[PDB]
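See structure below.
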Amino acid sequence: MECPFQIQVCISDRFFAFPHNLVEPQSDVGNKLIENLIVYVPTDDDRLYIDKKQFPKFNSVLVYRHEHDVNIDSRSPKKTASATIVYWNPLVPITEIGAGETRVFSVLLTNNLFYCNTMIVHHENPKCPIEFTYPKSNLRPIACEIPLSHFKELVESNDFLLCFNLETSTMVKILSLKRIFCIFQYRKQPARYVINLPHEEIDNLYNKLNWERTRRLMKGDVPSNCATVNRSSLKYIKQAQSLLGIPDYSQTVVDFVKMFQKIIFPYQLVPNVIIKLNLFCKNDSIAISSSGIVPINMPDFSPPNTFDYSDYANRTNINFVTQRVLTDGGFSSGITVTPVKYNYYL
Amino acid sequence: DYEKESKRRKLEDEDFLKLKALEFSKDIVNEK
Amino acid sequence: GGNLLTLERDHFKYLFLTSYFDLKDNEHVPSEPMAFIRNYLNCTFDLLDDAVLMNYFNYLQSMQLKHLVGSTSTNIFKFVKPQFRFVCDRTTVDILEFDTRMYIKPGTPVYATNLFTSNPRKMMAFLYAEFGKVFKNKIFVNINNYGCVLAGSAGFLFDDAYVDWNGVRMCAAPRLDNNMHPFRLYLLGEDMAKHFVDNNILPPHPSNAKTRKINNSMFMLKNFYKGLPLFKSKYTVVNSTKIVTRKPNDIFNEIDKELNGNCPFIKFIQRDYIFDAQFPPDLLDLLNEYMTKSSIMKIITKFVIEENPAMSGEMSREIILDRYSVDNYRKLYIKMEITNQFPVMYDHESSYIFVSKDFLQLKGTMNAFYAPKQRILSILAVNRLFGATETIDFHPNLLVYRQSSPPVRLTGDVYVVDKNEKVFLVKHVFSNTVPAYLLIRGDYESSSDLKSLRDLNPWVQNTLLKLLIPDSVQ
Amino acid sequence: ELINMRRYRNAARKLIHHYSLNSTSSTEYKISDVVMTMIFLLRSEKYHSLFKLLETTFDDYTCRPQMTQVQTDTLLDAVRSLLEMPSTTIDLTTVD
């Protein structure tokens, strides 16, 4: 994982297509420009989207499918000073370094590249793709492993069905998903989409995406308010909808959350939807004036010892109140009384 | 004197150009 | 020239009041320390005794000011240096809304300086020069019109004078609160802190600014500043009284007695600076005559009853409870003056309601109160509970299924909750026009169409969400 | 320490479940168990009320002891905490 010091990494959302303009020859200590350029790609499929004529500078171009090697460690990559090398969305540890610089243009930031250098090309005003499910439209399925085929449809059409062969390893599925998600975030309007895979695998993919975005943020990428939603949270949202939400809105999750955003501030308390949407890691909110949310907390933290609970925590008081309510209501059981103890400060 | 705004606007316009240049992949003639 | 201006110990509290908070008026405070205070604020140290600075800093450390750092040099008053520390713990699970400012790696230390400006773009050049002096690599470099951060764990960024680093962003309908020159430097990363510690630097003043006055229209300094809004109260006191306690039971009992006696309601002013530091009594006595526009105020009333001789004919005086300290309460009476001032209220008087011993409050909500006698579960429309000395959990049992033959006809709006289990929500208003809804369960029918649940004030909807849906999953 | 608190806890739990709740469990109980249970009750200050109640019956075993309402409440709390069965009726018949 300890990245070699010759690697330069550029990360951007718009790298789903090959960035021909950015590829340039490198010079070794020999101070001679090297024109024999060699490129690597994940699978043979990507070879069909690399023009040999988009590199006027370079004399000769050779393409290969990046197939993982075992005889060479990443600590000491093999050096071939006779040809420049440029990687594209690599999914396994890099093992071959060309003369001088060696750029790696990728849309995914795994662990293998984390400790390398970085130049993130962040993005402005991303669109959030809309996830839904059919249970009335002309579903337009898309070959996830080769999204570049259906670029025009993705630009134009609205509904889309993520589809994966069973051959694809987890990493390639992740890469294709990230490609399509970047395509959406660049789209002019939000696009609807679904996945034809078992739910557990979808959760694994979304965990992978969340950690990828975490690494991107830890390297200084601009935050994106667009993100996936946990399936359990989805079930909670569906229950809330069935309770009161009649239709199926496009961004019904955002609808709930904003419908309670309207009330977060004036009553000074968290809407329970947010609480259930989330041990510890307790969430809060702010106003321009100094005040917390959950207890109306001060900007420091939960106070250690503010006032005694003598009149409440004593078993006598709780028992008396329990007996009073039980006698008044006619119950025999099923009623629990708890002292008001979660009183940080009024 | 300032910064950011130039970079942000350039990035946004380049993003629009990229989404348009996707459609550039259509060809007009074959040679083989 | 003139002898260096000094200050006694008894005026340290005056300096604290004038500096730590943001106060405009100065008429009431005495003039003799006022001259020294004015010179102090303008940062003209050459006319100020240094021993006064050191003693004041020691006195400030004595009161245990929360989140305060310092060294043993007067330079900490004359050069842009960290004075306050915070530990940020952001968790971006909000999803709904965006932090306009940069992402910060959790676990990073945060230092707050006393540099204040109004056009941060101008400061950016010099501050970036300093930052570049610190570091030699130019990777990840994030820059905008308000700061530069590297690796999400170091650099500097600008924000309002007092901000929350809890991980709260600027969500929750960020209501307007009028401000003055607010922009202040914040340092991220121990490295930048240390670099600023051991160079004693200043921003480049305008070349025309030969004046020793460091504060300029471009930027200013306020040593040990917090900017918390503050103003001089002008109450016409009649009868006061103090109470020292911590058990809230006595507070609630006093409130209930006073409410029952004459007045329709009282103002509960809960001050914001109470937990800042373990203040000495003299400082509290001084502050007893000032209020903060950004404190927390609540209006408290009872379930009014009808015609009763125990009625105050004319609304002449109203009561206030200053929480002027951690365990101290100040009770006051004042003539109702229109010119009076109180901390601004967010909404249009979401007044609170006082709970007697008749009925309890449901856990996890500020409105759901259950009446044991009539076994009626109720949700308050707009008003919210206060004074719940004890709490009762929720069970399906409370929804006692009434058995009627034939079904009971109902008037007014009716909402279906669990048609399978015959759970209905009905509008109900006490004669006091305290709107609420009753969550009854049994055999009932309306005389009109049953309106949809999705047309309620979202407060009611959140209460319903917490109530109906089982919470067995976590 | 010199006392196997866990084992004596288990023995006291079993014996009290055997006598009070009279659960289906029915095995031979030896003087070892009662000695362990009494030691367990004496050790725990919370259970000093139960310990005193048991000790009182040594001399006269023919009467219900006289207590106060608060004493009864505390005794019920101690027994319930020991048995870890809040969902049961142990009001007075159990104690008798």
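Just so you know, the sequences run in chain order A, B, C and D. Taken in order, the first sequence gives residues 15 to 360; the numbers are from my numbering. Taken in order, the second sequence gives residues 35 to 66; the numbers are from my numbering. Taken in order, the third sequence gives residues 1436 to 1909; the numbers are from my numbering. Taken in order, the fourth sequence gives residues 1228 to 1323; the numbers are from my numbering. For each residue, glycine too, the CB sits at the ideal point set by N, CA and C.
Where does the unbroken beta strand (DSSP E) through residue i begin, and where does it stop?
| i | result |
| --- | --- |
| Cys24 of chain A | 21 to 26 |
| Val1584 of chain C | 1582 to 1585 |
| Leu1550 of chain C | 1544 to 1552 |
| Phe1654 of chain C | 1654 to 1656 |
| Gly112 of chain A | 110 to 112 |
| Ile1734 of chain C | 1731 to 1736 |
| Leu1834 of chain C | First-last for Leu1834 of chain C: undefined, no H or E at that position. |
Within 8 Å of any Cβ in chain B, is that where the Cβ of residue i sits?
| i | result |
| --- | --- |
| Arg1556 of chain C | yes |
| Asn1580 of chain C | yes |
Quick check: the Cα distance between residue i and residue j, rounded to an integer number of angstroms?
| i | j | result |
| --- | --- | --- |
| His1446 of chain C | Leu1812 of chain C | 57 Å |
| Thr1315 of chain D | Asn1763 of chain C | 45 Å |
| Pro1778 of chain C | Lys1728 of chain C | 4 Å |
| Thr1509 of chain C | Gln1705 of chain C | 36 Å |
| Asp1793 of chain C | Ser324 of chain A | 22 Å |
| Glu1825 of chain C | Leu1795 of chain C | 7 Å |
| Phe1285 of chain D | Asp1260 of chain D | 18 Å |
| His1616 of chain C | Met1653 of chain C | 10 Å |
| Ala1803 of chain C | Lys1661 of chain C | 39 Å |
| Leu176 of chain A | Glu159 of chain A | 10 Å |
| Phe1566 of chain C | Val1487 of chain C | 33 Å |
| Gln203 of chain A | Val169 of chain A | 9 Å |
| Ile1578 of chain C | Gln275 of chain A | 30 Å |
| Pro161 of chain A | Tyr207 of chain A | 14 Å |
| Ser40 of chain B | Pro140 of chain A | 18 Å |
| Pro1544 of chain C | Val1632 of chain C | 15 Å |
| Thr336 of chain A | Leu1833 of chain C | 14 Å |
Starting from residue i, follow the alpha helix (DSSP H) in both directions and report where the run begins and ends.
| i | result |
| --- | --- |
| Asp262 of chain A | Element bounds for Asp262 of chain A: n/a, residue is neither H nor E. |
| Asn1490 of chain C | 1485 to 1497 |
| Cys196 of chain A | 184 to 200 |
| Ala327 of chain A | 324 to 327 |
| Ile1701 of chain C | No alpha helix (DSSP H) holds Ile1701 of chain C; the beta strand (DSSP E) holding it covers 1701 to 1705. |
| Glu1753 of chain C | Run containing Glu1753 of chain C: none in the alpha helix (DSSP H); it sits in the beta strand (DSSP E), 1752 to 1757. |
| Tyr220 of chain A | 213 to 232 |
| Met1558 of chain C | 1555 to 1569 |
| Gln1296 of chain D | 1296 to 1310 |
Is any beta-carbon of chain A found at less than 8 Å from that of residue i?
| i | result |
| --- | --- |
| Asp1260 of chain D | no |
| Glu46 of chain B | yes |
| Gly1587 of chain C | yes |
| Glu39 of chain B | no |
Spell out whether any CB of chain C is found under 8 Å from the CB atom of residue i.
| i | result |
| --- | --- |
| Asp49 of chain B | no |
| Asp61 of chain B | no |
| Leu189 of chain A | no |
| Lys272 of chain A | yes |
Round the Cβ separation of residue i and residue j to the nearest angstrom and send it over; I've been treating them as touching at under 8 Å.
| i | j | result |
| --- | --- | --- |
| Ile188 of chain A | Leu248 of chain A | About 21 Å; that fails the 8 Å criterion. |
| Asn1549 of chain C | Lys1657 of chain C | 6 Å |
| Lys1857 of chain C | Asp1848 of chain C | Not quite, the Cβ-Cβ distance comes to about 17 Å (not below 8 Å), so this is no contact. |
| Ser1247 of chain D | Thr1301 of chain D | Not confirmed; about 17 Å, so no contact. |
| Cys1478 of chain C | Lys1645 of chain C | Wrong, their Cβ atoms sit about 15 Å apart, outside the cutoff. |
| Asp342 of chain A | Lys1808 of chain C | 5 Å |
| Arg1819 of chain C | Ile1773 of chain C | Contact flag wrong, Cβ pair sits at about 27 Å. |
| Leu231 of chain A | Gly1602 of chain C | No, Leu231 of chain A and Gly1602 of chain C are not in contact; Cβ-Cβ is about 14 Å, not under 8 Å. |
| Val1306 of chain D | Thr330 of chain A | Incorrect: roughly 16 Å between the Cβ atoms, too far for contact. |
Identify, in the order they occur along the chain, each residue of the same chain with its Cβ nearer than 7 Å to the Cβ of residue i, setting aside the five sequence neighbours on each side.
| i | result |
| --- | --- |
| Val243 of chain A | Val267 |
| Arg1610 of chain C | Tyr1781 |
| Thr1441 of chain C | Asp1484, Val1487 |
| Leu1903 of chain C | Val1852 |
Excluding the 5 residues preceding and the 5 following residue i in the sequence, name in chain order all residues of the same chain whose CB lies nearer than 8 Å to its CB.
| i | result |
| --- | --- |
| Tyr129 of chain A | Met15, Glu16, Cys17 |
| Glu1724 of chain C | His1463, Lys1667, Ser1668 |
Return yes when the C-beta of residue i is under 7 Å from any heavy atom of the ligand MN, and no when it is not.
| i | result |
| --- | --- |
| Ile1788 of chain C | This structure simply doesn't include the ligand MN, nor any ligand for that matter. |
Below 6 Å CB to CB, which residues in the same chain sit around residue i once its five sequence neighbours on both sides are set aside?
| i | result |
| --- | --- |
| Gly1582 of chain C | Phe1591, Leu1592, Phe1593 |
| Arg1837 of chain C | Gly1877 |
| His164 of chain A | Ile156 |
| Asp173 of chain A | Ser151, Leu153, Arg154, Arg206 |
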